[PDB]
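Novice:
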Amino acid sequence: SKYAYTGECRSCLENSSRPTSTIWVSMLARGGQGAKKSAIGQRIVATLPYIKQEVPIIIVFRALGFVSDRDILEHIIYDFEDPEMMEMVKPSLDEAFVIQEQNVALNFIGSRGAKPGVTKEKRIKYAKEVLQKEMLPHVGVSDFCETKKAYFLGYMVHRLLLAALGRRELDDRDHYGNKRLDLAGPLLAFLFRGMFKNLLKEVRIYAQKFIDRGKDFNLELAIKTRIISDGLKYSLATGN
Amino acid sequence: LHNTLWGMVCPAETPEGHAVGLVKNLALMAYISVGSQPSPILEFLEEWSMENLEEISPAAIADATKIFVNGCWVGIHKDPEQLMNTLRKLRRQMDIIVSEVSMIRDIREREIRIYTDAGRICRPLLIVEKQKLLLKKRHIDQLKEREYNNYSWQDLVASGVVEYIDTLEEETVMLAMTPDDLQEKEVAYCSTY
Amino acid sequence: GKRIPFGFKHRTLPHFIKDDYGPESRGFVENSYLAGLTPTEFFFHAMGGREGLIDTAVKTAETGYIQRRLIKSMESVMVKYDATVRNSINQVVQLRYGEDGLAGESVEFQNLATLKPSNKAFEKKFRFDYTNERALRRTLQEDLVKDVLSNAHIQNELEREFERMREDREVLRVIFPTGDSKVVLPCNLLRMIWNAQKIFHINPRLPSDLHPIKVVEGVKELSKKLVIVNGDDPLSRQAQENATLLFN
Amino acid sequence: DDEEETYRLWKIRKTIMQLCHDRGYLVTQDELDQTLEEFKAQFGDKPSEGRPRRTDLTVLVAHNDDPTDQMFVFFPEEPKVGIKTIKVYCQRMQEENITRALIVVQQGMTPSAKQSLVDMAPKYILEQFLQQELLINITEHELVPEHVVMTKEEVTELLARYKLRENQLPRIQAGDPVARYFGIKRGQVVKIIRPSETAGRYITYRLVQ
Amino acid sequence: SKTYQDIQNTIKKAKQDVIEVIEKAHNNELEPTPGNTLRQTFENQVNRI
Amino acid sequence: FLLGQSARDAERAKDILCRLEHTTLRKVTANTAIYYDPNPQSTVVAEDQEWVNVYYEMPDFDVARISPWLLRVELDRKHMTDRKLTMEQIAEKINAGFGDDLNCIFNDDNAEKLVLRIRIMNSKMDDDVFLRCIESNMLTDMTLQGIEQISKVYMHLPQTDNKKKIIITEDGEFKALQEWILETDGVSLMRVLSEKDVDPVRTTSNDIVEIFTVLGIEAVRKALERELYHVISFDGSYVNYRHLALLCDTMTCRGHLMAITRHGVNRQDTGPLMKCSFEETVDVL
Amino acid sequence: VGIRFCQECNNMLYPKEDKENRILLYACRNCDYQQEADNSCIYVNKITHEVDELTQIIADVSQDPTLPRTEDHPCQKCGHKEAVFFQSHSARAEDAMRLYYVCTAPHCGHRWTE
RNA sequence: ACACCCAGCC
Ligand SMILES: [Zn+2]
Ligand SMILES: [Zn+2]
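Protein chains in written order, with the entry's author numbering: chain A, 213 to 452; chain B, 501 to 693; chain C, 795 to 1042; chain D, 2 to 210; chain E, 696 to 744; chain F, 1142 to 1264, 1278 to 1439; chain G, 12 to 125.
#1: Any residue with its Cβ nearer than 6 Å to a heavy atom of ligand 4 should be included. What is that list in chain order?
#2: Against chain G, does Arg734 (chain E) count as a neighbour if the rule is that its beta carbon must be under 7 Å from one of theirs?
#3: Between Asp1325 (chain F) and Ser912 (chain C), what straight-line distance do the alpha-carbon atoms span, to the nearest angstrom?
#4: Is the segment 1301-1312 of chain F touching the segment 1153-1162 of chain F, taking contact as three or more C-beta pairs under 8 Å?
#5: Just the chain A side, please: which residues come within less than 7 Å of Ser1290 (chain F) by C-beta, in chain order?
#6: Check each residue of the segment 55-84 of chain G: if its Cβ is closer than 7 Å to any Cβ of chain F, include it; give the result in chain order.
#7: Please name the residue or residues paired with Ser602 (chain B) in a DSSP beta bridge.
#8: Thinking just about the alpha-carbon of each residue, which of F:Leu1257, F:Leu1343, F:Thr1404, F:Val1436 is nearest to the one in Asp1361 (chain F)?
#9: Report the option in D:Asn138, D:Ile194, D:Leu165, D:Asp3 whose CA atom is closest to the CA atom of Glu50 (chain D).
#10: Counting only C-beta atoms, is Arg1260 (chain F) closer than 7 Å to chain A at any point?
#11: Would you say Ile969 (chain C) lies against chain D (beta-carbon separation less than 7 Å)?
#12: Quick one: which chain C residues come within Cβ less than 9 Å of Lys710 (chain E)?
#13: Please classify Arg1408 (chain F): is it buried, with 16 or more other beta-carbons within 10 angstroms of its beta-carbon, or exposed?
#14: Of all the residues that make up the segment 879-896 of chain C, which are near chain F by a beta-carbon distance shorter than 9 Å?
#15: Please check the pair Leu27 (chain D) and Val62 (chain D), which I expect to be a contact at CB under 8 Å, by giving their CB distance rounded to whole angstroms.
#16: What residues from chain F crowd round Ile193 (chain D), counting only those whose CB sits closer than 8 Å?
#17: Hey, how far is the Cα of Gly184 (chain D) from the Cα of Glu1233 (chain F)?
#18: Give the interface partners of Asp1026 (chain C) over in chain D, defined as CB-CB distance under 8 Å, in chain order.
#19: Applying a beta-carbon distance threshold of less than 8 Å, which residues of chain C neighbour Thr504 (chain B)?
#20: Would you please state the rounded distance, in angstroms, between the beta carbons of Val673 (chain B) and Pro808 (chain C)? I believe it to be under 8 Å.
#21: Skipping 5 residues on each side, what residues in its chain have a beta carbon closer than 7 Å to that of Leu20 (chain D)?
#22: Beta-carbon of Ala658 (chain B) versus every beta-carbon of chain A: anything under 7 Å?
#23: Tell me which same chain residues have a C-beta within less than 8 Å of the C-beta of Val823 (chain C), skipping the five on either side of it?
#24: Quick one: is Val520 (chain B) near chain C, going by C-beta distance under 7 Å?
#25: For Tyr206 (chain D) versus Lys192 (chain D), is the C-beta spacing smaller than 7 Å?
#26: Please report the distance separating the alpha-carbon of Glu1333 (chain F) from that of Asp1339 (chain F).
#27: With 9 Å as the C-beta to C-beta threshold (strictly closer), list the residues of the segment 620-643 of chain B near chain C in chain order.
#28: Pick helix, strand or coil for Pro303 (chain A), following the three-state DSSP scheme.
#29: Any idea which residues DSSP pairs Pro268 (chain A) with across the strands?
#30: Hey, which unbroken runs of the alpha helix (DSSP H) at 4 residues or more fall wholly within the segment 1179-1210 of chain F?
#31: Under 5 Å from any heavy atom of ligand 2, by CB: list those residues in chain order, please.
#32: List the residues of chain A whose Cβ lies closer than 9 Å to the Cβ of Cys86 (chain G), in chain order.
#33: In terms of alpha-carbon separation, which member of D:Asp46, D:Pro112, D:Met72, D:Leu131 lies closest to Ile13 (chain D)?
#34: How many Å lie between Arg55 (chain D) and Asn56 (chain G) at the Cα?
#35: In its own chain, which residues sit with a C-beta less than 7 Å from the C-beta of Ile561 (chain B), not counting the 5 before and 5 after it?
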């Protein structure tokens, strides 16, 4: 593919309240021979969740709230006296020159989301939400878990650069220590979480239908006992 | 058949045909962790001589070793071996660390990854200290009379003579194939089992 | 194809030290099946066997599709009644099947006795000699040797035979530059000659009563009965000569 | 370079000689085996600027059956050949009313020159050959068997003998390297003689489409 | 028993030769063969032995 | 295959190998730099002072208004010796590729440090960025010698009697004479065939498209025959000749190479029903 | 070689030249800060094997149980008669099966090749 | 029907 030395992190929140979201920070292959493409080096891009096309990594870092490149390279690069990694990350900064502050970076992120829309503040909010609740949920979901996400993204880029320089071996999909085993417990939990969500949704619909109609509602009748029972039974019966 | 299937997956039991290799079977002593809460590990690490990410300048990360818990970068530590020895002691003593918690030190990269989530596959191994098994004749004598007693496997695990090793922690250990044939005194293949 | 890979961190198995390229570490089973395999080499043998099983169970799904595509490429090509090979659109694929006209179930492996020998050996072992009276009298009967030494037409015919054989040798050396004599041809002449020897109780010691002019005439007459491209016009004649050039 | 370029020119001229001979077009025996030293002496040794001008490399050849059918072999100086050059070369051709000729190009010709080659084929036939493709006699390769362009009467006799229609024969592309080497148009037939390991010789026929 | 002794001696000599080649390569005293890398040359030598 | 004396003498064969193998400026440069140098006389490198000073005495169109952006290349010793080049060839190639705007400065072959300086002549971001761009381009996409596609050409004696040259002696005995051969890892058949001292008769390619586009249709038929036979009889299995002949004739019956796929079988003039039974059923109908 | 940032907006410095003085200036391409260079280097590239692994190995590698130990190569500085040897396994070379030795003494760790 | 497993022989 066009990407050489890609890197991923199938992040999943501790309680698995959401499906696993994958960030795919990767490095472009040396295939472009434009005016100033191959001379500087290789650009680094990140395929964030719920965004339909790649974003340069420095834009994501700036969106996380780090404008000055000193702060960026103090997260990606840990050792100052190491010219090779600095030279290899030069293209990433050179591509992100046009983006200069946090809010414009947020606009960059949000303009390529699910919907283009019309106004600015709405997709500034969209970019803030997708970087706060969908990019690396396992390190932070709270409102002010930005420094931790910045450090983790820096570590990801550092691993990418180390792999590119050859200082690490690329991982194996088979090193069986990289594989987890979903047993009956986690699998049944996966069904039960969604199906309890369905039950709560049904209770909400029923009780809303009664409250707007202008009367108290009996809790016992709101609960559809069919849902959990004949959902778990169906899943264990058919195997789907 | 990857190398890391040693002791976790049977090298022989697979179907032949369109599903060869993809369908496997657990080894006879393979154990899959049900997971645990990483909270007590985090409290212990914070109480220990570890410094959190927000309390450090970025310049200090290079020399220090990173600490990952369940894949989440928690902080950094300046003395890796002391922390590793303490953590291993706690796990072997059935302290706040559950026996199924995998604990890994990538020395060549200055990383300490502590995995606690469910789904990891691990197997029990005897513990070796200075070229000698920690499983003495006393343990075997107690195990022989399991009936009319209360000694059992859990007492071996609590005695610190057997511990569950994960397939990914298995990368950082030296296994002796058999005790009285690989730990004798000769032109030694390895003196740090 | 390579030795056992370093699946772990620079180790084949946890039981070896890092950076061990020796025979035991990388999967050299020093034990026999009778003696039994030690655990590490047992695992490595299991890896090899698994590779074999994967190849067996995967190569079928490629080879079956290759075979089916080959079938459907030429399911209709057949030998029509003018001995040409044509597809369903009557487009000639080959003017004669296999370029000779012979089915593949009746041909055998044979050795050309003219391609390999050098000029001296070839002339010695293939040119009929008639100046030597003693040898020719040993091989042939008295009447036959008298006829051979008397007539000059027979001597000229034998010289013509050898000349034709020399041109045939040159043609063979053009056809086969590598020099291998192992060709595939319809009739086994050596085994048929042996069958003729045994059927008629031919004594290989006494002189024979076969006139060499009879051999020449018989071979020439036989060459006109082995027809692959029947006809009279020059084109058919040339095609017939080419189709049976090697056999002739 | 100097020596390498004249060696290239000599090899191209030798290949053109062999090409013309293989077409039945009368060339002298000595030209077929002109050595590098002989070429250097007769034409020059330094094409660096001016002594063997490629204009002086123009070759006239005639046909064995009749002197009237002649050709030209040309050598444009510049890498890229275009309408104005082709126009003047065909004007020179018209001055001597010759029909067929080749153009040996160093690098290639413009799409306009390619279009101008194709459109006026019935009036004067013109062939193209990149100089890279003429540094060897491809007909001398061991893979290439013996091609022989067979005349209309022989084709009629063949189709009568085998009772074949025109389009039932095997095909050969007009742009085939061997077809371009022999200079054959659509409708001609190439008698191909091959050596075979089961018959010894096999004569197949290919129709140009 | 003589055959088993011969096989054991052959395997011992082969292992000794492989250790010798490993020692030679560990000191950068192994001249690579033309057309192959040093690692490939070492692997070829071990495989041939 | 080598035609003349190079087929026997080893070092002529090595010369042919060097003349064929692609050798870009990579694998021969130790380390490059873009050292600033506002003036040529004073320089910025101690090791490049005296020979720089004596070279720049002659004002041969390299002093007038040269840009101060220097490019030091620092060629290697072992790689250059193995590849057997010298400074003047590289300078000539650089000048030819980039004209006179990239004047080249070199010291000698006797220096312990093989340096090489490149500047920009007076005649659009900046000179530094452009200099870096051309440095990368010259390091990657500049040919010193060889053919642009040949990658890892090898050399070995053919031990088996099938590949070595087979000839007839004066007495006619087939002699299994042994000669040098070369095997590449890339196909540029018409360039390699035209090279000096290379047999244009026995030089073949395992690739099939190159044979078709260079030699002919009958040539690719024969090459396909030989390649299929090589595949089948590699393990000792034997298949009668006529079946291979039929397959090769079928794929080359219609002038061009006809693949055994939908893209080659369904493009014939066969009836629609046969094609639809093959594959792509509804599209054909 | 050598990367440092301006003190105003803390962004990456870039090379530049002036015609009036003809002196290299590492100026910030974002803000309006300029400074005089002191190395006259812009872009140093290293094609052949100059990795210098001797200064790249972490001295704490000696205390890894999975590495071999030898007594035939004593430490040069502290004189300890035990060392841990290992290979590189880094890309960009894919060759040079050489041994790097690290002393196993605490408060030491001199790296040496041989 | 359909779908999904499992399994047999190559
Ligand atoms: Zn600034
Ligand atoms: Zn020491």
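We treat Cβ as the ideally placed atom computed from N, Cα and C, and that holds for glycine.
Specialist: Well, looking at it:
#1: This structure simply doesn't include ligand 4; it includes ligand 1 and ligand 2 instead.
#2: yes
#3: 6 Å
#4: yes
#5: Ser250, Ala251
#6: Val55, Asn56, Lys57, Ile58, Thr59, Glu61
#7: B:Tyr615
#8: F:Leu1343
#9: D:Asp3
#10: no
#11: yes
#12: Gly816, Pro817, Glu818, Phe822, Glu824
#13: buried
#14: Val879, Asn881, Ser882, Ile883, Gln885, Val886, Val887, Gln888, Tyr891, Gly892, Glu893, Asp894, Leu896
#15: 6 Å
#16: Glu1372
#17: 41 Å
#18: Within 8 Å Cβ-Cβ: nothing; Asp1026 (chain C) doesn't reach chain D, min ~10 Å.
#19: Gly801, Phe802
#20: 6 Å
#21: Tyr182
#22: no
#23: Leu831, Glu835, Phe838, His839
#24: yes
#25: yes
#26: 20 Å
#27: none
#28: helix
#29: A:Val257
#30: 1191-1196
#31: G:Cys86, G:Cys89, G:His91, G:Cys114, G:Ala116, G:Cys119
#32: Going along chain A, no residue has its Cβ under 9 Å from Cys86 (chain G), so there is no contact; the nearest lies around 25 Å.
#33: D:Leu131
#34: 46 Å
#35: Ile576
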